[PDB]
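See structure below.
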Amino acid sequence: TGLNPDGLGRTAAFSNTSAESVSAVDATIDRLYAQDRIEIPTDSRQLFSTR
Amino acid sequence: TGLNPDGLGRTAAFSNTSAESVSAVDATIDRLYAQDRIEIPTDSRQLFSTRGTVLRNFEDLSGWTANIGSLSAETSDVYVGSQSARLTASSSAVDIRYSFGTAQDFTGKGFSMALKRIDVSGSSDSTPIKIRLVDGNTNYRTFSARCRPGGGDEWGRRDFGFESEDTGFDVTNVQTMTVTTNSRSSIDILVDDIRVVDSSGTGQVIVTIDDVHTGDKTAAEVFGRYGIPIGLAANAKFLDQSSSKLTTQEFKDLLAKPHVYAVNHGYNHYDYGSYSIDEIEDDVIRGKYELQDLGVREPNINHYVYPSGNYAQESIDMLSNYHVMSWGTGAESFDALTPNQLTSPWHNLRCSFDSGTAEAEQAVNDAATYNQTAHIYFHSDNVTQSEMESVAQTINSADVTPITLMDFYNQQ
Amino acid sequence: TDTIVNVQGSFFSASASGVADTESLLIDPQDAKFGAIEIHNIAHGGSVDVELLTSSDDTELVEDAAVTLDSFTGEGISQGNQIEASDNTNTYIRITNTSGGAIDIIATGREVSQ
Amino acid sequence: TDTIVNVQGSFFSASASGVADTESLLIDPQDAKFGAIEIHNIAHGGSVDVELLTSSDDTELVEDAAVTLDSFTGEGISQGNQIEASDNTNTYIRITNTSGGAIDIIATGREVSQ
Amino acid sequence: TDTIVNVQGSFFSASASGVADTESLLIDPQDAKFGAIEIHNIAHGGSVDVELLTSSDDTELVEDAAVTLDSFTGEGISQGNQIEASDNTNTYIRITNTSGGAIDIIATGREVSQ
Ligand SMILES: [Mg+2]
Ligand SMILES: [Mg+2]
Ligand SMILES: [Mg+2]
Ligand SMILES: [Mg+2]
Ligand SMILES: [Mg+2]
Ligand SMILES: [Mg+2]
Ligand SMILES: [Mg+2]
Ligand SMILES: [Mg+2]
Ligand SMILES: [Mg+2]
Ligand SMILES: [Mg+2]
Ligand SMILES: [Zn+2]
């Protein structure tokens with residue numbers, strides 16, 4: 001598990017967590033199981049406008 | 001930190017959290033540091049299946065005649081459309097023929113077909129299936145693929161490698177298409193949906209080395225002498241097991257060389273049939289993340305080579321969550337060979353040259369000659385340095401572009 | 001050894017129905033028996049700003065320090081907080097409507113000793 | 001058996017309104033009745049650095065050990081801290097403005113026994 | 001029923017200014033009145049290794065068991081831990097500098113009964 005992360009505010013070191021919803025500013029994930037994107041990185045609007 | 005989020009149940013506002021495992025339904029992340037995907041968003045299984053144009057649909061068998069064996073419209077079991085063709089033969093081969101209404105020109109075309117094995121038995125459980133073109137002079141040209149147990153147990157497209165040609169065959173003047181097998185005590189196979197794809201571009205060669213044997217060092221030097229790229233089909237458990245397999249530092253040093261890349265082959269080489277789908281999925285997942293820790297990043301680590309060449313639709317379904325493309329195994333030149341445009345990234349094979357270079361060098365020469373992609377493979381313990389030099393010089397002297405698996409998938 | 005049953009310390013709540021658009025629930029720790037409070041729950045009925053204030057006056061709110069703690073949107077509950085206020089430190093919690101219309105605010109927590 | 005109602009321990013707060021750009025709130029556990037504190041909440045009003053200091057002197061701050069704990073940006077609340085200080089261990093918490101302008105700082109928590 | 005105010009148990013801290021490059025703060029639960037401690041906070045001033053040790057000796061540290069709990073980098077605070085040590089179980093917490101230069105280490109927590 002380790003010791004609690006650096007910082008003030010509520011900080012926690014967990015083993016396994018379950019959540020319905022997670023809000024994070026920064027997320028450092030070593031292995032991602034998230035094939036189901038809702039929000040896509042690509043903004044197609046103006047890519048093709050100068051073909 | 002702010003105040004706690006909206007909701008019942010346990011809610012918390014944190015600054016910094018650390019976890020081993022996070023399960024979330026929704027994750028809203030403002031900035032993501034997650035280059036190491038395990039689950040890939042792309043489902044490749046059916047993307048390529050409907051490329052090109054349908055040549056023979058088998059939706060009306062009035063145009064088909066049995067030269068040998070027997071044929072019927074299968075309406076209970078259908079890949080595409082209203083029906084498929086059931087091919088059945090006893091103590092014999094099957095060979096069925098369709099006469100074209102006019103001279104076809106197939107210059108720069110390549111061929112693909114849907115297949116399911118119900119039963120094949122006798123001298124083997126399996127057969128080459130051949131698409132066999134006939135010209136205005138009764139020359140043949142042949143392309144082929146393998147019907148096998150496991151890989152053929154459910155409907156899957158094969159993309160047909162060149163196999164043979166009667167000298168002087170006029171590809172501009174093709175008069176009949178034939179589908180045929182070897183002879184067996186029983187044959188019962190369904191076919192559907194022959195497709196034609198443009199393969200008029202340059203011929204291409206892909207070289208893979210399996211199972212991380214120490215001879216990969218000499219292989220890197222040899223294929224490096226002509227800048228041909230090597231795929232290490234890598235099992236991360238095997239590193240540092242023995243003198244016979246690479247060290248971790250040797251593997252990292254190899255992958256730093258611009259022509260060497262790694263593809264997944266399962267952490268501990270768990271092959272289909274030998275282990276449960278769940279065990280193989282763990283092997284696939286662990287292979288992916290261990291190789292990612294070794295620095296093998298996305299386009300490379302999206303490829304998987306089947307352990308011991310074993311697969312089925314069960315394994316393809318599971319693998320499609322983690323990888324986009326996979327390769328089996330075969331002994332002969334047409335097993336290496338595909339059109340440049342695939343229709344299945346999952347069912348296609350590779351020609352071994354562990355048992356001597358002949359069939360692979362035939363595949364390289366045919367890749368050049370007939371404008372096709374050849375995938376050849378070896379284990380670096382089985383192959384002598386002179387054999388590698390023969391293959392490397394065959395590739396460098398031939399009219400082919402040597403390519404990575406990544407390049408090949410980006411072309412699709 | 002001696003066994004005692006611990007029941008947890010005094011419940012506290014403040015509430016207002018039909019708080020108008022820009023108006024507020026002023027949670028005053030002077031209403032507590034112990035004169036200090038810890039708010040755990042803010043059930044808000046529509047969008048609100050939560051604000052922590054120090055008064056210049058011992059008994060009335062004349063704003064000195066004011067910090068907007070957080071903004072809550074729509075209807076729901078922020079549960080399991082520890083926002084704290086006391087009479088002697090002249091600390092107040094204000095929950096201000098921002099919805100564009102009338103809302104019900106219920107704030108619950110616990111009394112704390114000064 | 002015996003039932004007792006547990007009310008929670010003494011509230012503590014430190015506050016300053018209009019703390020100038022580089023200036024600080026010094027949270028001194030000498031202000032506590034029990035002479036030790038645990039700060040749970042920092043409502044920060046603008047950007048701040050939080051710093052934990054040990055003094056050479058029993059009664060005044062002469063810096064010995066000093067660690068900058070964390071930096072907060074903009075207005076908000078750092079909820080759920082446990083930053084601790086005592087008089088006898090000569091420990092102080094300094095919250096320094098870094099906003100470029102005047103801010104209100106409110107810190108709340110609990111008194112702890114020495 | 002009977003109402004009691006609970007103030008929380010004795011504050012504990014260990015601190016060192018200017019801990020040299022490979023040197024350490026030894027947190028000894030013998031310094032506690034109750035002879036056991038629970039460290040919540042390690043504010044570290046630069047990179048440190050945190051280590052839990054058992055002694056062979058009742059009163060001095062002669063290493064028997066040693067486990068590196070975690071490594072911390074740069075300046076900050078690990079807050080809200082429960083790393084626990086007692087005199088009678090001869091358990092010590094060592095915080096070792098790894099920064100390449102002198103650092104200030106402040107560790108805080110609570111005394112626990114043996
Ligand atoms: Mg059909
Ligand atoms: Mg007052
Ligand atoms: Mg103000
Ligand atoms: Mg007063
Ligand atoms: Mg003092
Ligand atoms: Mg210093
Ligand atoms: Mg003293
Ligand atoms: Mg002892
Ligand atoms: Mg030891
Ligand atoms: Mg003893
Ligand atoms: Zn293998």
Side-chain angles (χ1 to χ4, degrees), chain B residues 52-74 79-81 83-118 120 124 126-147 152 157-184 186-197 199 332-335 337-339 343 366 369-370 372:
Chain B
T53 305
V54 183
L55 182 74
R56 292 278 55 80
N57 69 5
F58 305 90
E59 306 303 324
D60 174 6
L61 301 181
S62 308
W64 286 95
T65 298
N67 179 278
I68 49 170
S70 70
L71 165 64
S72 71
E74 180 56 87
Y79 176 72
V80 151
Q83 60 181 52
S84 72
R86 181 157 208 160
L87 312 186
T88 303
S90 301
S91 203
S92 54
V94 56
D95 182 301
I96 66 159
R97 305 195 171 212
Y98 180 98
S99 54
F100 294 116
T102 190
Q104 306 303 293
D105 173 4
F106 293 137
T107 49
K109 300 311 187 182
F111 297 86
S112 172
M113 177 167 58
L115 171 67
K116 184 162 70 166
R117 198 184 78 114
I118 310 301
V120 173
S124 182
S126 48
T127 182
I129 182 157
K130 296 151 174 271
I131 296 171
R132 173 178 197 183
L133 303 182
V134 195
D135 80 351
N137 312 285
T138 325
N139 300 311
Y140 293 110
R141 182 188 281 194
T142 320
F143 308 88
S144 63
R146 295 190 194 256
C147 187
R157 302 195 67 86
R158 272 59 182 185
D159 306 311
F160 281 60
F162 174 95
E163 182 183 77
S164 66
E165 179 173 58
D166 291 345
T167 311
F169 175 93
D170 186 3
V171 59
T172 76
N173 180 12
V174 181
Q175 288 294 331
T176 284
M177 157 165 292
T178 299
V179 172
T180 188
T181 65
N182 288 181
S183 181
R184 270 98 182 83
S186 179
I187 297 177
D188 188 9
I189 69 178
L190 311 183
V191 298
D192 209 344
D193 199 56
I194 293 167
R195 286 184 172 263
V196 156
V197 289
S199 194
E332 293 180 82
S333 182
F334 64 92
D335 300 313
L337 281 163
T338 67
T343 74
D366 292 343
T369 303
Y370 300 102
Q372 277 210 337

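All chains are named by letter (A, B, ...) in the order of the sequence lines, taking the proteins before the strands, and each is independently numbered beginning at 1.
Remark: side-chain polar atoms of B:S70 are paired, donor with acceptor, to backbone N or O of B:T88 under 3.5 angstrom. For the pair B:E163 (side chain) and B:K130 (backbone), a donor-acceptor distance under 3.5 Å is absent. Listed for the B:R117 side chain is no donor-acceptor partner under 3.5 Å among the backbone atoms of B:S126. Checking side-chain atoms of B:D135 against main-chain N and O of B:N137 turns up a donor-acceptor pair under 3.5 Å. A donor-acceptor distance shorter than 3.5 angstrom exists from the side chain of B:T180 to the backbone of B:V94, with no hydrogens or angles considered. At distances below 3.5 Å, at least one donor-acceptor pair connects side-chain atoms of B:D192 with backbone N or O atoms of B:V80. Between the side chain of B:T181 and the backbone N or O of B:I129, no donor-acceptor pair lies under 3.5 Å. Without hydrogens or angle criteria, B:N182 side chain to B:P128 main chain gives no donor-acceptor distance under 3.5 Å.
Side chains of B:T102 and B:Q104 form a contact here, defined as non-hydrogen atoms less than 4.5 Å apart. Under the 4.5 Å side-chain criterion, counting only non-hydrogen atoms from C-beta, B:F334 is not in contact with B:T142. Between B:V174 and B:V134, every side-chain heavy-atom pair lies at or beyond the 4.5 Å cut-off. Between B:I194 and B:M177 there is a side-chain heavy-atom pair separated by less than 4.5 Å. Counting heavy atoms from C-beta on, the side chains of B:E332 and B:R146 come closer than 4.5 Å. Side-chain contact check for B:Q83 versus B:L61: some heavy-atom pair is nearer than 4.5 Å.
The two atoms that bring B:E59 and B:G81 nearest to each other are OE1-C, 3.6 Å, heavy atoms only. Annotation for B:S112 and B:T343: closest pair OG-OG1, 2.7 Å, computed over non-hydrogen atoms. Counting all heavy atoms, side chain and backbone alike, B:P339 lies closest to B:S199 at CA-OG, 3.7 Å. Across B:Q372 and B:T338, no two heavy atoms sit closer than the pair CB-O, 3.3 Å. Closest approach of B:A85 and B:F58 over heavy atoms only: CB-CD2, 3.5 Å.
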Please evaluate residues B:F160 and B:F143 with respect to the criterion ring-ring contact (aromatic ring centres under 6.0 Å, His included), reporting the C-alpha separation (whole Å), side-chain torsions for both, the decisive distance (0.1 Å), and the verdict. CA-CA 5 Å; B:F160 281 60; B:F143 308 88; 8.2 Å; no
Given the rule in the side-chain contact (heavy atoms from CB on, under 4.5 Å) test, do B:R97 and B:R132 qualify, once you have shown the distances and angles that lead to the verdict? CA-CA 9 Å; B:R97 305 195 171 212; B:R132 173 178 197 183; 3.6 Å; yes
Trace of the side-chain contact (heavy atoms from CB on, under 4.5 Å) decision for B:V171 with B:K109: CA-CA 10 Å; B:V171 59; B:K109 300 311 187 182; over 6 Å; no
Tell me, with the steps shown, if B:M113 and B:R158 meet side-chain contact (heavy atoms from CB on, under 4.5 Å). CA-CA 6 Å; B:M113 177 167 58; B:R158 272 59 182 185; 5.9 Å; no
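Taking the ring pair (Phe, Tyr, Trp, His ring centres under 6.0 Å) definition, one finds that B:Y140 meets it with nothing, sequence neighbours left out.
Between B:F162 and B:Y370, the two ring planes are parallel [angle under 30°; tilted spans 30° to 60°].
Neither side chain, B:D105 nor B:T172, offers a donor N or O lying under 3.5 Å from an acceptor on the other.
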